[PDB]
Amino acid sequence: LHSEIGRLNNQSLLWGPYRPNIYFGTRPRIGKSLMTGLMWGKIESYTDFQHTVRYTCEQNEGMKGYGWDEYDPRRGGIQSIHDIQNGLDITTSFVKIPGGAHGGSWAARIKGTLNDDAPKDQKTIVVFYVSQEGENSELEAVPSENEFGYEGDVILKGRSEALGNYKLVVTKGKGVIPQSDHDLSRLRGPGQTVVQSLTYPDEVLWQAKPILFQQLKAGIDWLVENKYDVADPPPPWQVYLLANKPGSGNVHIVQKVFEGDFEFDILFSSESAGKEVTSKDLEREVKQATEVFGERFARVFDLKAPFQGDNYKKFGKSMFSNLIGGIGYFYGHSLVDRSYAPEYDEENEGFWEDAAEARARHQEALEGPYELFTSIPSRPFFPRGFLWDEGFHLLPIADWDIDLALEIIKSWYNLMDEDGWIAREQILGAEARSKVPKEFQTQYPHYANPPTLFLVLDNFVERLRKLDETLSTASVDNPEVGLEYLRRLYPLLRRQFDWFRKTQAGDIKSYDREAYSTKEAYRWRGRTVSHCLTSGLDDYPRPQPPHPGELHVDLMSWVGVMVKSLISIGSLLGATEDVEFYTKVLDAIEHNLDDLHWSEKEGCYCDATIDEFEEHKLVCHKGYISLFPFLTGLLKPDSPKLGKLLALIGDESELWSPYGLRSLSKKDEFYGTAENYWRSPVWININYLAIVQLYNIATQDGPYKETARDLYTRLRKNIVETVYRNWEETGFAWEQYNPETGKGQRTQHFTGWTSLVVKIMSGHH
C-alpha cells in the first residue's frame, strides 16, 4: 500500500507547468523529455520585436505584474500577466486530465486582450515552442493541406519510452489574422499560422530565444538575397513570419500573428488514455478546477478575524497560489568544489584569506545529473531551490496537500551525498546556470543552511499522531504509509544531524571555556569579514573579526530543532538506542545555550568569540539572532529567560516596529548600516516563527500567557496588514519590509516565504 500510493502520486504529479523561470511552459517530472514554452511580442517596426518579445521572467517598468490566481499542481490553474510594454493582458489556463498509463493529458488556453492604451490594430507575434530530448524518441508536425501554412490546427505526433505515444495540438484560435498584399505573399502566403521543425543537439534545446532568432534572421537574410528591399518592403509582421517547413525534429516552432485580441488552445493527448482531449474538455476541466480550488481554500485557509473579509480572501488566494505555483522541476549537473581543501577547515585566525586562496585554485567541476522538484523564492530573480527557504515554503503547502510536501522533501533528501551534505542552492542544468554568474555557481560541501525542513516534518508528525482529494492526504489517513515514509527518510535525517556535528562544530576544549557539556558548541562554516551567508541572515552583525573561536547561537538552536524531531520520529520507529542518545544531546544543548550564549547583562542570547586575550567574550547584537532559542521552540514556557525575551520583542525602542519585528535593534550600532539586508528590515519568515511561538505560549497555563497573547494578537495584525497593504498598492509580495515606512523593498515576486502570511491569517496553529 506504500508502493501503491507512491505510484499514484507519481502518476498524479508527473505533468505540470513546471518551468517557473519562464512566464508559461510545461515539462513533466522527467529529466530528458518533452517541454513547451510560450513567447509573445508586439511588432510595430523592423527592429522592435527583438526587444518586445517575452519569454523568461523579469520584473521591470515594462511589466505591471503577473502570477497565478489559482493553482493546484494536481489539477492546474489560471495565470494572469499584465504587460505594459506589449499593451497586453494575458491569461494562461492550464489543466490536467488523468487517464492512460503515462501521467495523463493536459490542455492550456492562451488568451491575450489588448489593454486600453494599446493600438486597436496592434500586431502581436505569438510563438509556441516545443522541444524533445532523448535518443529514442520522435516528434513530427503533420503537414497542412494549404501551400504556405495552416488554415486550422497544427498537429504534432510524438513518441518516447517515457510518454509512450502522444499528440500535441495547437488549435487555430480566435483572432483577426493580418493579410499582406505584398509581392512576397506569392511566395510566403498572405499570412497564416506556420511551423518550423528543426534538430539541434539535445543539450541546447532549452535555448528557445536564440534558436528562434536564428530562424527569423535566416528568413530576413533570404528576403535580402531574393531582392526584397526598402524600395518596397513587406510589412514588419510579415518580415518576421517564418517560412513554413513542418516535418520531424526535436524542435518545433509554431507561430501565429494576431491583429487585435486573440486566443488559442494547446491540447496534449496521451494516446494510452481515453479519447483525445478537445477544447470543450479544456473549458469544462478549467471550471471544475476552480470550484475545487475554491472549496479547498475555504477549508484549508479559513482566515480568522480580523481577516475574514473578502479583500483578505483575495489576498490570501494570491499569496498562496503564487507560492505553490512556483513549483518547478529542474534537471542536470551542478558546480561543486570536491577538493575538500584543508583551508576550508577554517581552523586559523584569518581563515577567510586562506579559503579565498583555495577557491582561487578553481577545482570545482560539474557533477550529476541531479533532479529536484521544489518551490522557489523568486520567478524573476532566483527561480531555484534554496534549502532553508523550502522549510518555509512547505509550511502552507503541507496544509494544502501534505503528500505534495512529502514529495518535495523526499526530492530534496535524494540530493544528499554520502557525507550528509545538501548544497544550500540548487543550480541544476545549463538552463538554470544561464541565470547565475559563473562566479556564484559553485557549491561547497562545508556550507550548511538552517535545517528548516525539519519544521515541516515536525508538523507532519503531529498530524500523524492525531481521488485528488484522497491522494493529497493519503500519507496521514493511512498510518502505515506515513510511518514507512519516515522509516525510509529517518536514516538521512540522522545522517544530516551527524553531518552538522561533524562539519559545523565549535571549539570548547581548546580555550578557557567551561560549560555543562564539552560536546555542544556550533559555528557556521563559510563566514567572511562582513557576511555569514550559510546562516540565512546574510549581513546580520557577527563577532569581529570572525574567528575559529566563534560560537553562533542560531546554529545551536537549529541543532536543537533537529534533535527534537529525531526524538519524535525515532520514537515512532522505536530506535531506542538512538532516542537515548538524542535525549542526552538535547539536555546538553539546553544547558549549553545558557552557559555559552546567555547574557545576564543584556537579557538575551548572544553569539560568542574569544578575546584578544584568548578568553570567551559574549557579543550582543539585539535582533533576530538574539531570540533564536525562543524562535525555534527550545525554551520552557515558565523560563525567566523567555519572559526577558518577551520584553525585548515587545519593546518598540529595540525591535518592535508598527510593521513587524525589526531584524536588528534601532539601538544596535550596526542598525541600518552597510547593505542593510538583515540589519533593520522586517522579514516575514522570522516574524512567522515569532508569531507561532507567541501563540504557543498564549494557549497554555503559565506566567507569560497573557503578555504573549497580547503580542501574538498585535504582531499577527502588524505582519498581515503590512504585507497586505503592500499587495494592494503594488500587486507584489516583497522580500522584506521597511521598518520605518512599512514599504516593501528589495525583490518583488517573492513567493517566497512572504506567502507564510496565508498561514498567519488562518491561525489555530
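Counting begins at 1, following the sequence as shown.
Coordinates are lacking for 10 or more deposited residues between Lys466 and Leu467. For the two regions 382-390 and 485-493, the entry's Cα B-factors average higher over 485-493. Taking only CA atoms, the mean B-factor in the PDB entry is higher for 287-295 than for the other of 287-295 and 368-376. The PDB entry gives the largest Cα B-factor of the residues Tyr444, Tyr582, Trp683, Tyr540 to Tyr582. Comparing the C-alpha B-factors of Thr470, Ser626, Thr534, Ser339 in the entry, the top value falls on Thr470. In the deposited entry, the Cα temperature factor of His333 sits in the bottom third of values across the chain's modelled residues. Sorting the modelled residues of the chain by their CA temperature factor places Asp153 in the lowest third. Per the deposited record, the Cα B-factor of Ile508 falls in the highest third when ranked against the other modelled residues of its chain. The entry lists a Cα temperature factor for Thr113 that places it in the middle third of the chain's modelled residues. Among all modelled residues in this chain, the alpha-carbon of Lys275 has a temperature factor (C-alpha) in the highest third.
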